[PDB]
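S.K.: can't give you the sequence, but here's the structure:
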């Protein structure tokens, strides 16, 4: 389709030469899912403001209130460098020489008697 | 092609399962997009009790899940588990066959037996022999 | 954007998408590029012409952008050529300062070497009698070890994964060629025995309670023969397993995956022991220390953590990269961790203090392979540009560049002697480089004017049948092992 | 305890989904086949979920039988809180 | 994306009268999210070592951006269907959009392929790449033969095994011919050994020598590595000669073992008919020689039977267009042998074999183009050769079709 020939140009502009026939089919399925949840929330915000026409400020509101919840990101550099210097200040602990298999405390490991039901 | 038959042997088994579940007190001759919809919700449902009952047992420091980890997994998906002993004892209950195996012969090769050359001392004996 | 260099083409297409402010407010790589300073190493002979065109008030605003967003690191020497500037640029915050590459690095091996660190610098574990028994049979293999050089080219034994319709994402081989691990896209780790000795689990606790200990053979009486396969499958990752690392005592497989956990699998019980949850993001690599206690894992969250197999929390967080930490490699003395990354930089990190002691820039793509020389003096890095750049560590001048490969170089290893560096890429080739003639020559200027020695340093190319060379391993008798997953 | 007494009767009773297919999608998520009766409960719990939707989409087809459509799945999953999407491509 | 498409989606939802700037606002937002995901799905492709961008890469790229790889359905509840994917929807552009619900049940499920195994081989032996199937590969001076002495010894062992003194030796040597990758550059000496052999092996009609050479030809043909149509011209006479030549030994007994020769020989000729084909050179040349062998007057009953067999496996249309106008001649030949009355000559055996083969071919030639009505005495319009027995053969073919 046309909505599908533009999807092969978004990938080729990102240098994706080799793809699968269904990669296009489900990016269109995501793009349809994303616009029918912006516009669904846009008329909810239009009925809040009591206007019969969903205008551009309703879509400006529904985009930035969906991007505040859906599309997150990794933590920022000023947050990663603060938790690093709070952690990298603590000196390395010494090792007990014959403690055995070096493991965390048993409530942090996956080593339990690990039961199962009796077959009857 | 045996490459896509790794996936299509089990997804087209789930298509026979939905086609056998929509016939039991129900339909004949369903729409095509309605069958690939329902068998996509079936694969996503088995894959969700796979990821969540493994998560509930490993939270309790175990590695394989018991019955008490699935009856809490199905509760967290809203299943009402008590209705399942009545569903299992249907008279309409059917069994869908498992998919066939690609290597039906298993051992059909006479082979080509050729031996020449030994091993230098930097190659141990368990590596393959030098060819002809 | 058209009058840029050809090796910036993947960098500009991320910028063509960025047109709004809120698009850039959640990128976190261009957010760290806007706040950092480009280092821009220039000579004093060319800086005098630049400052005589910027200190005048005719321009007066591009000079304001330069002294706000760009560092300028000046060296007194000859202006570099264009094919020498092309060799050492390509990274955001590129061509780092020489004041970063002047710290004292203990790049020597442990046991005199003045470049060696003391044994009590990093608290390394004890050497047990079973670990001392390993080095006794290791030097029997060293007796049969061949000197490779440019004349006695090694034999390559390719261990191809034939069916592999779940995509193979991680390979590791033990130090003695006895086990081969496979990380796959169907969230499994699969251990294969390659010696004629099946993989056995130890007996259950009821069977061990009836036998006696200190029988001077108890390392055989505990192995269960009821469980004996040539293949053990390990389940428990909820995602494709991207890292795979054996421990040097041949227990303790490590695996990292997309689900954000690093997992420690036993090789005596063949179960999972610990799940190390520090990343919320795909951990792209992990590796045990060559002494086997610490391990480093680098992930999508742009840090590399140092763990110790005893704490649920890490010990060191190496948090200076601006993109994903693709690779994490330990030094042969395990006092230093090299972390290649997707922002085209390689960084050495001291295990004490967590400080970055070296920054190696000059790759044009994300670094997908690192290896150290067995001397500890050199470091080979490979990336998606097909370039293998050989770096010094005491000087870190990257004395060499190997540009034979076409696609992403995904595996490097030096020989056991150090005579040959083996390179494997997505070109389905295993190239062998002369790793003695590459370091034969090895400052006050930060470069050595490296030549085009690539043609001379090639010993062979070895095209593989439709199979990308994921791993490269050197047997202790100097035999190349490679593993590929035939496509 | 009825559900323990129910699962102990599942050495027989092959369900509608095979255990080679239910066990495949369980192995994909880390669930390994320790007990084959455990697989048959998960295969029964996944049947009952699909059967409860096809039995409620039939009530939305009698008011407007003989064909299941997307406009029957749309009000049937709406009480479940699931908004189904028409392909429209 | 085309803005016209977004308008179609909007008015098919209940949102009518949308402006163009409202509609252009939709198609740059969703085209960014497709570009954001396809750039993010290329990370999983490059970490897959697959350079493919499979359908599962977008499932992990969506989950990475905190969007459900839920396709075709969206759960505002989320609890039952979390970030686990359902593998997409197997839908097409050229699909039927309606199927019968028992068509999906009655089709056979595809075969689950083999599990992953670890095989080792040798990329390099001290610098040299071996040619194993796992790998891609004034006095003038005294010259050397272009074969090695290991290769020359291999040729001697394979040829002395292929003359069939022991059957297991033959069978391995035949498999060795069938899959040796380095059997090129030895192929002139094999073709010359075959050709020369049949010609001095029909001087005395030594059937085994010939049956072994025809099996050697068949083992030469199915080898995929070697290039055969440089030796195809030499090969055509040797395979063809065994099938239709006279037999200097005994025609009456080893008749069947000679028809079994004609079978494994029809195999190499059939390969020659199907492969190596260019315009009007090979297939039409052997077809013309077979037809002038047939139209030949007073032909040997051995040459006649062999040529009849040769023209018989020429496929579907060849018997549809050639065997048709000749039934009367076949019947007259059968009647003359029957008159005899001497049965001393191999003529009676040749006649019976020819008639049986012709009748079987005529049976499907009939089963193929016409209904099975009036199978009792309508074949008496075709001289009544096979008649009701031909009808029974057609019925057996119909039963096989029903089983299929």
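M.R.: Thanks, I have the structure now. Numbers count the residues shown, from 1 in each chain, chains lettered A, B, ... in the order given.
S.K.: Would you check how far apart the closest residue to chain E within the stretch 301-450 of chain C and residue C:411 are?
M.R.: Per CB to the nearest CB, residue C:430 is where the stretch 301-450 of chain C lies closest to chain E, at 6.1 Å. Quick note: C-beta positions are derived from backbone N, CA and C, even for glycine. Note on residue C:430: its distance to residue C:411, by CB to CB, to the nearest Å, is 9 Å.
S.K.: In which helix or strand does the closest residue to residue B:13 other than its chain neighbours reside?
M.R.: Excluding its sequence neighbours, the residue lying closest to residue B:13 (CB to CB, 6 or more residues apart in numbering or on different chains) is residue D:21, at 4.4 Å. Using DSSP states H and E, residue D:21 sits within helix D:19-27.
S.K.: any common contacting residues for residue C:430 and residue C:411?
M.R.: C:422-424, C:469, C:472, C:482 (CB atoms under 8 Å, 6 or more residues apart in numbering or on different chains).
S.K.: so which of those comes closest to residue C:450?
M.R.: Of all the shared contacts of residue C:430 and residue C:411, residue C:450 sits closest to residue C:423, with 17.4 Å by CB to CB.
S.K.: tell me the secondary structure for the closest one?
M.R.: strand (DSSP: H, G, I helix; E, B strand; the rest coil).
S.K.: who in chain B is up against chain C?
M.R.: Residues of chain B lying close to chain C (CB under 8 Å from any CB of the partner chain) are B:2-3, B:6, B:51, B:54-55, B:58, B:63, B:120-124, B:126-128.
S.K.: which among those end up buried?
M.R.: B:6, B:51, B:54, B:58, B:63, B:122-124, B:127 (16 or more other CB atoms under 10 Å in any protein chain shown).
S.K.: how close does the closest residue to residue C:384 other than its chain neighbours get to residue C:381?
M.R.: Nearest residue to residue C:384, sequence neighbours excluded (CB to CB, 6+ apart): residue C:365, at 3.0 Å. Computed as CB to CB, the residue C:365 to residue C:381 distance reads 11 Å.
S.K.: Same drill for these two, tell me which one is more crowded.
M.R.: residue C:381 (26 against 19; other CB atoms under 10 Å in any protein chain shown).
S.K.: Next up, the contacts around that one.
M.R.: Contacts of residue C:381 by CB under 8 Å, 6+ apart are C:340, C:346, C:360, C:363, C:367, C:369-370, C:388-389, C:391, C:412.
S.K.: With residue C:223 instead?
M.R.: Here residue C:223 is in contact with C:200-203 (criterion: CB under 8 Å, 6+ apart).
S.K.: and what of residue A:117?
M.R.: Taking CB under 8 Å, 6+ apart as the test, what residue A:117 contacts is B:66-67, D:4, D:7, D:35.
S.K.: what are the phi and psi values for the nearest residue to residue E:133 once chain neighbours are set aside?
M.R.: Leaving aside its sequence neighbours, residue E:133 sits nearest to residue E:181 (CB to CB, 6+ apart; 5.8 Å). Note on residue E:181: backbone dihedrals following degrees, to the nearest 10 are phi -70, psi -30.
S.K.: where does chain E come near chain D, residue by residue?
M.R.: Residues of chain E lying near chain D (CB under 8 Å from any CB): E:9, E:12, E:72-77, E:80-81, E:84, E:89, E:91.
S.K.: Mind checking which of the residues you listed land in helices?
M.R.: Among the residues of chain E next to chain D, DSSP state H puts residue E:9 in helices.
S.K.: export the residues of chain E next to chain D to a markdown table and tack on distance to residue E:311?
M.R.: Listed next are those as a markdown table, based on distance: CB to CB, whole Å:
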| residue | distance to residue E:311 |
| --- | --- |
| E:9 | 64 |
| E:12 | 64 |
| E:72 | 58 |
| E:73 | 62 |
| E:74 | 67 |
| E:75 | 68 |
| E:76 | 73 |
| E:77 | 73 |
| E:80 | 68 |
| E:81 | 66 |
| E:84 | 63 |
| E:89 | 53 |
| E:91 | 50 |
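S.K.: And the residues of chain E next to chain D, which two are furthest apart?
M.R.: Checking the residues of chain E next to chain D with CB to CB, the most distant pair is E:12 and E:84, at 29.8 Å.
S.K.: out of the two, which sits in the more crowded spot?
M.R.: residue E:84 (24 against 11).
S.K.: how far away is the more buried one from chain C?
M.R.: 9 Å (CB to the nearest CB, to the nearest Å).
S.K.: Repeat that for residue E:344.
M.R.: Taking CB to the nearest CB, one finds residue E:344 at 63 Å from chain C.
S.K.: And residue E:389, by the same measure?
M.R.: Applying CB to the nearest CB to residue E:389 and chain C gives a distance of 51 Å.
S.K.: what does residue B:65 give?
M.R.: 12 Å.
S.K.: so that residue touches residue B:51, yeah?
M.R.: No: with contact defined as CB atoms under 8 Å, residue B:65 does not reach residue B:51; the gap is 11.2 Å.
S.K.: Looking at chain D, what residue ends up closest to chain E?
M.R.: residue D:81 (3.5 Å).
S.K.: quick one: contacts for that residue?
M.R.: Contacts of residue D:81 by CB under 8 Å, 6+ apart are E:75-77.
S.K.: quick one: which of the residues you listed has the most company?
M.R.: Ranked by neighbours (other CB under 10 Å), the contacts of residue D:81 are led by residue E:75, which has 18 neighbours.
S.K.: My read is that it contacts residue D:83, right?
M.R.: Yes: because the distance of 7.1 Å satisfies CB under 8 Å, residue E:75 is recorded as touching residue D:83.
S.K.: closest point of chain A to chain B, which residue?
M.R.: residue A:112 (4.1 Å).
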